[PDB]
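Here's the structure we're looking at; comments come further down.
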Amino acid sequence: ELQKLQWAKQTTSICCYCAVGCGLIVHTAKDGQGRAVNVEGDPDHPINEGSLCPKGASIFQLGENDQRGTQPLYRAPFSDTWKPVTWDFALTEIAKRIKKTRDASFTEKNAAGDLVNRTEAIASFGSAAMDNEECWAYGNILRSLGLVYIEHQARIXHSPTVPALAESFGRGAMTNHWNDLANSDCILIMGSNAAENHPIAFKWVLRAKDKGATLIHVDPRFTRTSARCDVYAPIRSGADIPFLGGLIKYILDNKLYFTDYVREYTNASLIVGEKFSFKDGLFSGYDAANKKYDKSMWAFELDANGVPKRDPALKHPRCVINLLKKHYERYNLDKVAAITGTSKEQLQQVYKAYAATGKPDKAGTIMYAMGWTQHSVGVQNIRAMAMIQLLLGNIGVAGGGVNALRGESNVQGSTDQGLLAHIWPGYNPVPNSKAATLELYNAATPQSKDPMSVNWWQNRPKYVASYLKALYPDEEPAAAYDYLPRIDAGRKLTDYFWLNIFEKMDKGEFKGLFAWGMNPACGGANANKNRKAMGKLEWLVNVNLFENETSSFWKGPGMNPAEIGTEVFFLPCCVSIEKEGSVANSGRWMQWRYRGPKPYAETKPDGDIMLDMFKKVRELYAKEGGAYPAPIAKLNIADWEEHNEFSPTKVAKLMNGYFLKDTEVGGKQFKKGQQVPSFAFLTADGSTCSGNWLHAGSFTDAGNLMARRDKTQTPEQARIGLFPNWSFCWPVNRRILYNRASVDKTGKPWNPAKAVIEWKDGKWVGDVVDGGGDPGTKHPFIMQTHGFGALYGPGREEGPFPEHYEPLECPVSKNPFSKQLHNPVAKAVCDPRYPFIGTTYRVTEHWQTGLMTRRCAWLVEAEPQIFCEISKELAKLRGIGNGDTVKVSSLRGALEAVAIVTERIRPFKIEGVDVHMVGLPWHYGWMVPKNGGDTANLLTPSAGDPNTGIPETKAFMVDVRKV
Amino acid sequence: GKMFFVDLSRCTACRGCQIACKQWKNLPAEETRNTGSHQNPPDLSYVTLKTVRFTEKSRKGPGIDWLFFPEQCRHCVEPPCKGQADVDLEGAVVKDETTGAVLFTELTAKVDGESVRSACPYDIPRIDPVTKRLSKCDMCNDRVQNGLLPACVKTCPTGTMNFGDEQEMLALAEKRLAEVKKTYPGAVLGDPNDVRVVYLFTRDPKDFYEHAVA
Ligand SMILES: Nc1nc2c(c(=O)[nH]1)N[C@H]1C(S)=C(S)[C@@H](COP(=O)(O)OP(=O)(O)OC[C@H]3O[C@@H](n4cnc5c(=O)[nH]c(N)nc54)[C@H](O)[C@@H]3O)O[C@H]1N2
Ligand SMILES: Nc1nc2c(c(=O)[nH]1)N[C@H]1C(S)=C(S)[C@@H](COP(=O)(O)OP(=O)(O)OC[C@H]3O[C@@H](n4cnc5c(=O)[nH]c(N)nc54)[C@H](O)[C@@H]3O)O[C@H]1N2
Ligand code: SF4
Ligand code: SF4
Ligand code: SF4
Ligand code: SF4
Ligand SMILES: [S]
Ligand SMILES: [W+6]
């Protein structure tokens, strides 16, 4: 026996940091009645096999931390001190602010007199760090108060990824999952530093290499990832589309594509209309006045029925594949090598290695996380990755896919719960002011006349109806639909997003902000502006684990409390290991975790804080009246609690959904109160509720499938590592999306050695088939209207094919592909005093703003201070020696950092001038620790991209001086 | 008894091993400053039994050779640290019959602190300037004696850290050297016949650390 663990209750948990979703075992003293005594990895967990990176390994020090918030705190306007106060004070006083601001600000109709039923006087930030059930509860609480300005972390990686992959495949999700990396024959890591930012991923990446895979890292910098890849190819910032386009030309010219896959599973054969053209770097239908495209000019030629025309012979010169060939012929090795800064021989090597996976029995995968996919053609950058994978038949297959790595442990789940301004849960859109009725809302869903096209999104009315029943089960959906707020149809969608919330704050157009499990004082670009702008708030509610740069902006650097009138409530939430719930990892694995210790001090689970707070707002409206009470009054919250408090189990079950009455549906009988087995069995007619149609299948009558810890596998499952009985992923436990593309029209795998699915005994074996139906009877991309993987994607703002537009404004004046330099649908100053390219990125040991990891002594030990990584070339020119203090400055601000001089940074040749990049972590902040440094977001512009609502953090102009 | 095989050709310098050592023994963190390196703590100490050392070696063509060395006691088959301490007092340094663990006891407060360090070919032992106790990697011997992996081994996601019977580990170390050579032709084993912590180096062990090998 080990004395340490001897008298402790052992529970299981999931890591609270990155979306790899590593298993933990927690040991809690007094057999559960006191504090955690140990936290380490869960050896039975199939992703991490008990391994943890230093962030997971430090979770004991995060939990049992004397610097954690103990009780609610209050800061009175113009005070320079916190007043500790009771939960009951803080929550009653917060509910009053909400009601006051809502009553005062509530709009029943916009200027056009259309029904909106909202308040624009309160914005919410957060959070990818809450449990799925807390995320879902939160988004419905805010919308019952009529908020529209609801955002979080996801915005920065959603705006690019989801439209790109949704355009290409029908969903925006990471196509495969972490264990599947081990099945790849070529792994290309481009816009990711996964050995630092998804460390346990490298278990399976190296297992791939053990089976003969080539590992390719493409990055401006040589990182800890580069150290362990077979090929490190440097690339100048923003040169990705050139690189990806050069690879497309390589694949087409060398005929290395998967011919049968392309012909039948991609839109390669669809005929594009005669209106489609591209010339001088502009697509047809360009409106130079408004810098907008008339996408209607990119439509397909339709047959009599309204189905796009096809030439399966791929002869017709207006076939997608023939237009594609013609489009990328300009991207030869010499131009691409010139602009990327990658040698002609090193490009040829990387292209040959990766295009080799066009073999039916070889699979290549692309991993990217944030990289530089923030600019106005990041969506196009990822589009090109999808098109390469479609050409090589790498989509739907083991060791293939676009592995768009999610960031935070539950950013996947928090996005699924519609904590972005534009989505309800389950990726149903927030209605605009022009969707007067529920029926009009439903009328927008695109329909198909192809009988071989599943076009699954036609089921939406069932999902919207069930979602509205889950909130308002007394009322009819059509009627309940008038409760939740709508956004102005005559208005730019980005007007509601992350970056414009900071604009509206600094214009004082917000009374109240919830900063709920976020640290925007550090996470926001141009921190100096964001901190000033927080003064123009009337009240602030910060919910977090510790006092922080957002809770305590009022006593920040160069701030005077006396002059700042913002009423701040700080509410301390409990840590991941002190509550029960589910988090959805990058692979869509929805994982249940348990409480170890009771919440520290007077800290509450977020679920309890938000439910208690809403309970006060409710009883206040019930006794005072005020603006449109029905949506608050009528909100079903009794389904969210047992024994006076928030019940993760019950919220989870409501999210799955149940029958409100006995129903025949699917051709099966169901009794009232039965849990809904799957989204296949939801209804549009009020028979069924379901908080999120993606969760239908997750908590059935069989029990909580997310809580399964069962490693049972058939030989065919275990060979590729599906673990179908370990927890549950959406949709309906399909672990590899688009898996119908992995077999031919007889249902035989392209690669039987790594089969995902297979037709045997007249059914699909292995993974859960992504779309019902016999082999060769349905198109494989079931969420696509046409049912095909899109090479040509005419839903994209910048054009149906990705095209190089220079993301670096300042140091580049030549585009070797067209006479269109910058994005034709998109004003940096480029002050010569700031001649170097600033870039921010992460280290393995710290998390986000560092709010969490700057409180963990062991992580501060390994990475105590903000640093500045520079080449020897720049170090020499600026007279900087390794370890020297340096000042890094820009038009937006200045900071001090310890110099790291290393060959891991190198100059890029841009138009015959050496261009120097300086690298900073954004992990640091003024509150902790002593001498840590402040956020590298003092230097970043609030000038983010107009075609996204996303900031510039990978390329901003700076100077670096020795101090 | 038991042997660690550490394949440095798979190390990402994630430093899970470093934190996992402190979490398990509840060791305090040092006072650190960045002085132009990711490496921290800068050296082994009384309260740090393991730190990952970082060296950058230049190479023709893009990038560098970035060498990583998670340093710990070698648990030598014939411990020079025992031989040295047995001069002043037996029991200050003992061996575990079954596992191979060389273990410092409370009675290192009696021996000459600096004597026992000098005797150590890998420069491993560290003194508490207050109590005079010597500290180092104890092999998580209590964990091992209970049939658990040492913390640093369990936490390692890359396949760098490997643990078990000296027979199995020397078989693994030999088979893996043959595989790793195909990529890194200069790959060698750190004193395979003297120690119970066998590092695979992708090149000259001296490039990793002054005292990487004896
Ligand atoms: N340790 C740790 N892990 C984390 C996080 C953390 O803070 N710390 N955060 C999590 C979150 S929220 C996210 S979004 C993910 C993000 O994970 P990543 O995207 O991997 O994060 P970064 O290190 O910011 O950027 C990745 C790499 O992109 C490179 N890069 C920069 N510019 C370009 C360019 O123009 N082209 C290309 N091809 N590459 C470029 C950088 O040099 C860097 O190595 O990580 C998650 N994991
Ligand atoms: N310069 C620069 N800026 C960046 C980036 C960059 O690369 N460079 N990255 C951007 C990206 S990709 C992202 S995602 C954002 C992230 O930026 P933020 O979301 O502001 O990040 P943090 O708040 O530091 O990290 C997540 C928060 O979750 C909180 N948390 C943890 N557990 C819980 C819990 O149980 N409940 C609650 N309520 N809170 C909890 C932590 O305390 C922490 O405050 O930053 C962006 N900012
Ligand atoms: S931070 Fe990510 S890789 Fe590290 S232990 Fe946690 S979940 Fe796993
Ligand atoms: S845990 Fe493993 S991969 Fe990470 S630094 Fe230690 S030895 Fe290297
Ligand atoms: S490495 Fe040094 S301290 Fe460890 S057993 Fe050998 S001589 Fe003793
Ligand atoms: S074996 Fe135990 S004591 Fe030794 S370095 Fe590893 S974790 Fe630390
Ligand atoms: S994220
Ligand atoms: W992120």
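Just remember, in the structure tokens the first chain shown is A, the second B, etc., residues are 1-based per chain, and ligands are 1-based in the order shown.
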Could you pull out the helix (DSSP H, G or I) residues of range 173-266 of chain A from DSSP and send them as number ranges by chain? A: 178-183, 194-197, 201-210, 226-228, 240-253, 259-265
Near-residue 75 in chain B list (12 Å; only C-alpha atoms; drop same-chain fewer than 2 positions) as number ranges by chain: B: 1-4, 72-73, 77-82, 93-96, 99-104, 120-122, 124-125, 136-141, 191-198
Which residues of chain A are close to chain B, meaning at most 6 Å apart when you count only C-alpha atoms, and how do they look as a ChimeraX atom specification? /A:51-54,57,200,203,222,224,227,844,857-858,861-862,864-865,882-883,899-900,904
With a distance cut-off of 12 Å and only C-alpha atoms, select the neighbouring residues of residue 589 in chain A, excluding the residue or stretch itself and same-chain residues fewer than 2 positions from it, and output the selection as a PyMOL selection string. chain A and resi 14+19-22+46-47+132+173-174+176-179+409-410+412-413+582-587+591-592+694-695+698+705-708+722-736
Export of prior selection with C-alpha atoms as a short mmCIF file (atom, residue, chain, number, x, y, z; two decimals), in the first residue's frame:
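Once written, selection-v7.cif looks like this:
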```
data_model
loop_
_atom_site.label_atom_id
_atom_site.label_comp_id
_atom_site.auth_asym_id
_atom_site.auth_seq_id
_atom_site.Cartn_x
_atom_site.Cartn_y
_atom_site.Cartn_z
CA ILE A 14 -10.91 14.48 -17.92
CA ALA A 19 -9.17 19.37 -26.40
CA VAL A 20 -7.06 16.12 -26.50
CA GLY A 21 -9.29 15.06 -23.55
CA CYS A 22 -6.77 13.02 -21.46
CA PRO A 46 -7.38 4.92 -24.48
CA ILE A 47 -6.22 8.41 -25.67
CA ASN A 132 -21.36 21.05 -21.71
CA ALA A 173 -15.82 19.38 -37.21
CA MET A 174 -12.41 17.68 -36.92
CA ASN A 176 -11.20 12.02 -37.45
CA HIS A 177 -9.96 11.72 -33.78
CA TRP A 178 -6.62 11.60 -31.85
CA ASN A 179 -6.05 7.75 -31.81
CA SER A 409 -11.08 20.96 -23.37
CA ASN A 410 -14.73 21.90 -24.25
CA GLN A 412 -16.01 21.87 -29.28
CA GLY A 413 -18.90 21.44 -26.78
CA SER A 582 -19.21 16.20 -19.72
CA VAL A 583 -16.63 17.93 -21.99
CA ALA A 584 -16.52 17.32 -25.77
CA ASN A 585 -12.93 16.80 -27.04
CA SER A 586 -11.62 17.71 -30.57
CA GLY A 587 -12.69 14.22 -31.84
CA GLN A 591 -16.68 12.41 -21.89
CA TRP A 592 -18.36 12.25 -18.43
CA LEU A 694 -26.41 16.26 -31.61
CA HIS A 695 -26.78 14.93 -27.98
CA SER A 698 -25.82 10.39 -25.79
CA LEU A 705 -23.30 6.66 -22.97
CA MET A 706 -20.76 9.51 -22.25
CA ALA A 707 -19.95 7.69 -18.93
CA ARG A 708 -18.97 4.39 -20.71
CA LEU A 722 -12.19 3.45 -32.81
CA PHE A 723 -13.01 2.56 -29.11
CA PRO A 724 -16.78 2.81 -29.89
CA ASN A 725 -17.70 1.78 -26.27
CA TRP A 726 -15.40 4.41 -24.66
CA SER A 727 -17.77 7.36 -23.97
CA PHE A 728 -19.87 8.59 -26.98
CA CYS A 729 -19.14 11.09 -29.85
CA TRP A 730 -21.68 12.99 -32.02
CA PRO A 731 -23.17 12.34 -34.40
CA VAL A 732 -24.57 9.00 -33.02
CA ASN A 733 -21.07 7.60 -32.20
CA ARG A 734 -19.62 8.05 -35.75
CA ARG A 735 -15.88 8.42 -34.81
CA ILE A 736 -14.63 9.10 -38.40
#
```
For ligand 1, collect every residue having any atom at a distance of at most 8 Å from a ligand atom (counting only C-alpha atoms and all ligand atoms); output as an NGL selection string. :A and (17-19 or 55 or 153 or 156-157 or 190-194 or 196-199 or 218-223 or 235-240 or 368-373 or 405-408 or 839-850 or 923 or 954-955)
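Within range 520-571 of chain A, the backbone-based DSSP assignment of strand (DSSP E or B) covers residues 539, 540, 541, 542, 543, 544, 567, 568, 569, 570 and 571 of chain A.
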